[PDB]
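Structure, as structure tokens:
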Amino acid sequence: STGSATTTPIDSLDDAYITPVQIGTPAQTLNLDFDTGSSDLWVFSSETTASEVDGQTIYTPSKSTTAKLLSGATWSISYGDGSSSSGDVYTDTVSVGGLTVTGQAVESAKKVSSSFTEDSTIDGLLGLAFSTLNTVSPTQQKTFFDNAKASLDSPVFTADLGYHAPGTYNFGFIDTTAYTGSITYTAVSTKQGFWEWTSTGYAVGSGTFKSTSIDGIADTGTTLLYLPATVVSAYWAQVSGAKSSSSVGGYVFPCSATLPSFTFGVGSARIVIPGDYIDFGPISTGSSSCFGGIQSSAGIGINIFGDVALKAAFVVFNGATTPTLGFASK
Ligand SMILES: NNC(=O)c1ccccc1Cl
């Protein structure tokens with residue numbers, strides 16, 4: 001089997017992407033944030049504290065004839081940005097772009113943190129990291145990909161995120177018309193539960209490539225590109241007036257600037273992030289200070305190849321017995 005679904009930016013900055021997901025019988029369609037950096041499929045629901053719901057579409061398990069309470073199971077997750085959610089668990093039928101999993105754990109939120117409430121466009125998350133990170137207790141549950149894998153034509157999914165435009169998540173096949181040149185594959189460590197890999201280096205604008213190993217995660221659920229302070233300093237040094245602002249919480253730059261591109265290495269291959277992809281707009285409405293899309297990972301504890309990097313590529317998440325990651329230009 002295969003599936004194919006369009007993923008759409010939630011706003012004009014590409015802060016996140018939502019993908020429609022069918023849950024239950026009859027289908028209830030929710031728009032979920034596909035997150036290769038976590039491993040829980042959770043949704044706003046009829047059980048979510050009413051004051052914490054503000055415009056989201058909810059899943060109502062009592063209206064699904066295929067929903068079954070997973071007795072005794074709870075979940076609770078905290079994300080790197082400080083947000084969180086928790087609740088109980090149903091199993092139900094879940095379909096993405098024509099690909100159906102029966103008995104998928106659907107984690108129903110009883111509580112969500114303010115950042116989730118405040119984002120009316122995201123109805124939940126669909127985790128696509130390794131199932132070892134799943135938070136369901138006392139019996140850990142598998143991700144949608146994990147459950148689907150055996151049935152897929154090939155045990156893979158791909159992320160093709162758009163810049164200020166829709167893109168695609170495919171399951172079970174590689175669309176050879178969706179990228180240019182070849183896909184370069186690189187080793188993955190699953191030891192931390194992530195799609196963790198090592199970039200071979202970077203360049204800033206038309207500058208020379210610096211060969212250096214950068215270990216990080218391919219994370220569709222993180223907006224920006226978080227890299228070591230040395231790398232980030234070298235980038236922003238090429239932008240007149242750019243500076244790190246402790247009060248804003250990262251590098252900012254004059255909105256009048258033209259940003260240089262940023263290149264990252266995948267083996268001997270190179271992915272070029274255009275300068276425009278690194279502009280996250282005014283820090284506050286009407287400001288002439290703009291927020292940068294490349295930020296330091298110092299104090300996160302891990303480098304994160306978030307949407308800013310991933311949307312510059314066609315990305316293969318290869319879930320073969322030894323997982324790998326593939327990157328192509330597009
Ligand atoms: N979607 N990404 C995550 O949940 C994550 C994983 C590891 C470190 C930091 C973060 Cl923000």
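Residue numbering restarts at 1 for every chain of the structure tokens, chains are lettered A, B, ... in their displayed order, and ligands are numbered from 1 as they appear.
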*asked:* Taking the DSSP secondary structure from the backbone, can you list the residues of segment 15-193 of chain A that are strand (DSSP E or B), as a ChimeraX atom specification?
replied: /A:17-23,28-35,41-43,45,59,68-78,84-96,99-112,124-127,137,156-160,167-171,184-187,189
With ligand 1 as the partner and 9 Å as the cut-off, tabulate the residues of chain A that qualify, each row holding the nearest pair of atoms and their distance in Å to one decimal, using only C-alpha atoms and all ligand atoms, sorted by chain and rising number, as a Markdown table.
| residue | atom | partner | partner_atom_place_in_ligand_line | distance |
| --- | --- | --- | --- | --- |
| A:34 | CA | ligand 1 | 1 (N) | 8.8 |
| A:35 | CA | ligand 1 | 1 (N) | 5.4 |
| A:36 | CA | ligand 1 | 1 (N) | 6.3 |
| A:37 | CA | ligand 1 | 1 (N) | 3.8 |
| A:38 | CA | ligand 1 | 4 (O) | 4.9 |
| A:39 | CA | ligand 1 | 4 (O) | 8.5 |
| A:78 | CA | ligand 1 | 4 (O) | 7.9 |
| A:79 | CA | ligand 1 | 4 (O) | 4.8 |
| A:80 | CA | ligand 1 | 11 (Cl) | 3.4 |
| A:81 | CA | ligand 1 | 11 (Cl) | 5.4 |
| A:82 | CA | ligand 1 | 11 (Cl) | 8.2 |
| A:127 | CA | ligand 1 | 1 (N) | 8.2 |
| A:129 | CA | ligand 1 | 1 (N) | 8.8 |
| A:192 | CA | ligand 1 | 7 (C) | 8.9 |
| A:194 | CA | ligand 1 | 6 (C) | 7.5 |
| A:217 | CA | ligand 1 | 7 (C) | 7.6 |
| A:218 | CA | ligand 1 | 2 (N) | 8.8 |
| A:219 | CA | ligand 1 | 1 (N) | 5.6 |
| A:220 | CA | ligand 1 | 1 (N) | 6.5 |
| A:221 | CA | ligand 1 | 1 (N) | 4.0 |
| A:222 | CA | ligand 1 | 1 (N) | 5.1 |
| A:223 | CA | ligand 1 | 1 (N) | 8.8 |
| A:300 | CA | ligand 1 | 9 (C) | 6.8 |
| A:301 | CA | ligand 1 | 8 (C) | 7.6 |
| A:302 | CA | ligand 1 | 8 (C) | 6.4 |
| A:303 | CA | ligand 1 | 8 (C) | 8.1 |
| A:304 | CA | ligand 1 | 8 (C) | 7.2 |
| A:306 | CA | ligand 1 | 2 (N) | 8.3 |
*Compare A:175, A:282, A:75, A:292 by their minimum atom-to-atom distance to residue 159 of chain A, counting only C-alpha atoms, and give me the closest one.*
A:175
*Determine, counting only C-alpha atoms, which protein, DNA and RNA residues have an atom within 6 Å of an atom of residue 89 of chain A; residues of the same chain fewer than 4 positions away are not included. Present the result as a count of residues only.*
5
*Tell me, as a ChimeraX atom specification, which residues lie within 10 Å of segment 144-150 of chain A, counting only C-alpha atoms; anything in the same chain fewer than 6 positions away does not count.*
/A:1-2,39-41,94-96,99-106,126-131,156-157,171-172,319-320
*Near residue 329 of chain A, within 8 Å and counting only C-alpha atoms, which residues show up once chain neighbours fewer than 4 positions away are dropped, as a ChimeraX atom specification?*
/A:179-183,271-272,312-314
Taking N, CA, C and O atoms for each residue, export the selection above as a short mmCIF file (atom, residue, chain, number, x, y, z; two decimals), in the first residue's frame.
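Generated output (out-v9.cif):
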data_model
loop_
_atom_site.label_atom_id
_atom_site.label_comp_id
_atom_site.auth_asym_id
_atom_site.auth_seq_id
_atom_site.Cartn_x
_atom_site.Cartn_y
_atom_site.Cartn_z
N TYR A 179 11.97 15.52 -7.16
CA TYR A 179 13.28 16.05 -6.83
C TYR A 179 14.15 16.07 -8.07
O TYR A 179 13.82 15.44 -9.07
N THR A 180 15.24 16.82 -7.98
CA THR A 180 16.22 16.90 -9.05
C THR A 180 17.46 16.13 -8.65
O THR A 180 17.67 15.87 -7.46
N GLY A 181 18.27 15.74 -9.63
CA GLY A 181 19.47 14.96 -9.36
C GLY A 181 19.19 13.65 -8.62
O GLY A 181 18.16 13.00 -8.86
N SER A 182 20.10 13.28 -7.73
CA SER A 182 20.00 12.03 -7.00
C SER A 182 19.74 12.26 -5.52
O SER A 182 19.97 13.36 -4.99
N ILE A 183 19.25 11.22 -4.86
CA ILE A 183 19.04 11.26 -3.42
C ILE A 183 20.32 10.73 -2.78
O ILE A 183 20.80 9.66 -3.16
N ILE A 271 22.92 20.71 0.12
CA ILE A 271 21.57 21.29 0.06
C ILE A 271 21.67 22.77 0.36
O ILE A 271 22.24 23.17 1.38
N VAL A 272 21.11 23.59 -0.54
CA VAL A 272 21.19 25.04 -0.42
C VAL A 272 19.84 25.59 0.04
O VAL A 272 18.82 25.42 -0.63
N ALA A 312 14.03 22.91 2.05
CA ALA A 312 14.94 23.09 0.93
C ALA A 312 15.26 21.77 0.22
O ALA A 312 15.98 21.76 -0.77
N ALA A 313 14.72 20.66 0.72
CA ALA A 313 15.06 19.35 0.19
C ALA A 313 13.85 18.46 0.04
O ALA A 313 12.79 18.70 0.62
N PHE A 314 14.04 17.39 -0.72
CA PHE A 314 13.17 16.25 -0.69
C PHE A 314 13.84 15.25 0.26
O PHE A 314 15.00 14.88 0.05
#
*So which one's closest to residue 215 of chain A, A:236, A:305, A:176, A:152? Using only C-alpha atoms, please.*
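Selected residue with least distance to residue 215 of chain A: A:305.
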*Distance query residue 54 of chain A at most 8 Å, only C-alpha atoms, self and fewer than 5 positions along chain excluded, as a PyMOL selection string*: chain A and resi 117-120
Could you go through segment 115-248 of chain A and tell me which residues DSSP, when run on the backbone, assigns to helix (DSSP H, G or I), listing them as a tab-separated table (two decimals) with N, CA, C and O atoms, in the first residue's frame?
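Final output, selection_24.tsv:
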chain	number	residue	atom	x	y	z
A	115	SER	N	0.06	27.36	24.39
A	115	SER	CA	0.51	27.54	23.01
A	115	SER	C	-0.32	26.70	22.05
A	115	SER	O	-0.52	27.12	20.90
A	116	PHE	N	-0.81	25.54	22.50
A	116	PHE	CA	-1.68	24.73	21.65
A	116	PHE	C	-3.06	25.36	21.53
A	116	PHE	O	-3.60	25.46	20.43
A	117	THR	N	-3.62	25.82	22.64
A	117	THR	CA	-4.92	26.48	22.64
A	117	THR	C	-4.92	27.67	21.70
A	117	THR	O	-5.87	27.89	20.95
A	131	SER	N	9.23	4.69	17.78
A	131	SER	CA	8.19	4.42	18.76
A	131	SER	C	8.74	4.32	20.18
A	131	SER	O	7.97	4.40	21.13
A	132	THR	N	10.05	4.14	20.33
A	132	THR	CA	10.67	4.11	21.65
A	132	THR	C	10.45	5.43	22.42
A	132	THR	O	10.60	5.44	23.63
A	133	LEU	N	10.11	6.52	21.73
A	133	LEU	CA	9.80	7.79	22.41
A	133	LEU	C	8.33	7.95	22.81
A	133	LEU	O	7.98	8.91	23.49
A	144	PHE	N	2.05	5.77	13.79
A	144	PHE	CA	1.32	5.47	12.56
A	144	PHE	C	2.23	4.82	11.54
A	144	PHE	O	1.84	3.85	10.89
A	145	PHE	N	3.45	5.35	11.37
A	145	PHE	CA	4.39	4.76	10.41
A	145	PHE	C	4.78	3.36	10.81
A	145	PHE	O	4.82	2.47	9.97
A	146	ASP	N	5.07	3.16	12.08
A	146	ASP	CA	5.45	1.85	12.59
A	146	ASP	C	4.35	0.84	12.26
A	146	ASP	O	4.62	-0.22	11.71
A	147	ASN	N	3.10	1.20	12.57
A	147	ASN	CA	1.96	0.32	12.33
A	147	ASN	C	1.77	0.04	10.85
A	147	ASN	O	1.41	-1.07	10.49
A	148	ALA	N	2.06	1.02	9.99
A	148	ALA	CA	1.80	0.87	8.56
A	148	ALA	C	2.90	0.14	7.81
A	148	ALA	O	2.64	-0.41	6.75
A	149	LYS	N	4.09	0.12	8.40
A	149	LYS	CA	5.34	-0.20	7.70
A	149	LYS	C	5.29	-1.49	6.91
A	149	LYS	O	5.66	-1.54	5.74
A	150	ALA	N	4.81	-2.54	7.57
A	150	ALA	CA	4.81	-3.87	6.99
A	150	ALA	C	3.93	-3.94	5.75
A	150	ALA	O	4.20	-4.74	4.84
A	151	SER	N	2.88	-3.12	5.71
A	151	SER	CA	1.92	-3.13	4.61
A	151	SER	C	2.36	-2.25	3.45
A	151	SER	O	1.88	-2.39	2.33
A	229	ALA	N	26.73	27.30	18.02
A	229	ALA	CA	26.93	28.74	18.08
A	229	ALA	C	27.98	29.27	17.12
A	229	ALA	O	27.85	30.38	16.59
A	230	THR	N	29.03	28.48	16.90
A	230	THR	CA	30.09	28.88	15.96
A	230	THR	C	29.56	29.04	14.54
A	230	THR	O	29.86	30.01	13.85
A	231	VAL	N	28.74	28.08	14.12
A	231	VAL	CA	28.18	28.07	12.78
A	231	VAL	C	27.21	29.24	12.62
A	231	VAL	O	27.22	29.95	11.59
A	232	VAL	N	26.36	29.44	13.62
A	232	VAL	CA	25.33	30.47	13.58
A	232	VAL	C	25.96	31.86	13.57
A	232	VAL	O	25.51	32.77	12.85
A	233	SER	N	27.02	32.03	14.35
A	233	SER	CA	27.76	33.30	14.37
A	233	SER	C	28.37	33.59	13.01
A	233	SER	O	28.31	34.72	12.52
A	234	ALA	N	28.95	32.57	12.38
A	234	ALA	CA	29.51	32.75	11.04
A	234	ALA	C	28.45	33.15	10.01
A	234	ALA	O	28.72	33.95	9.12
A	235	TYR	N	27.25	32.60	10.12
A	235	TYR	CA	26.17	33.00	9.22
A	235	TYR	C	25.79	34.48	9.42
A	235	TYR	O	25.79	35.27	8.46
A	236	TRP	N	25.44	34.85	10.64
A	236	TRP	CA	24.86	36.16	10.88
A	236	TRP	C	25.90	37.27	10.77
A	236	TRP	O	25.55	38.41	10.53
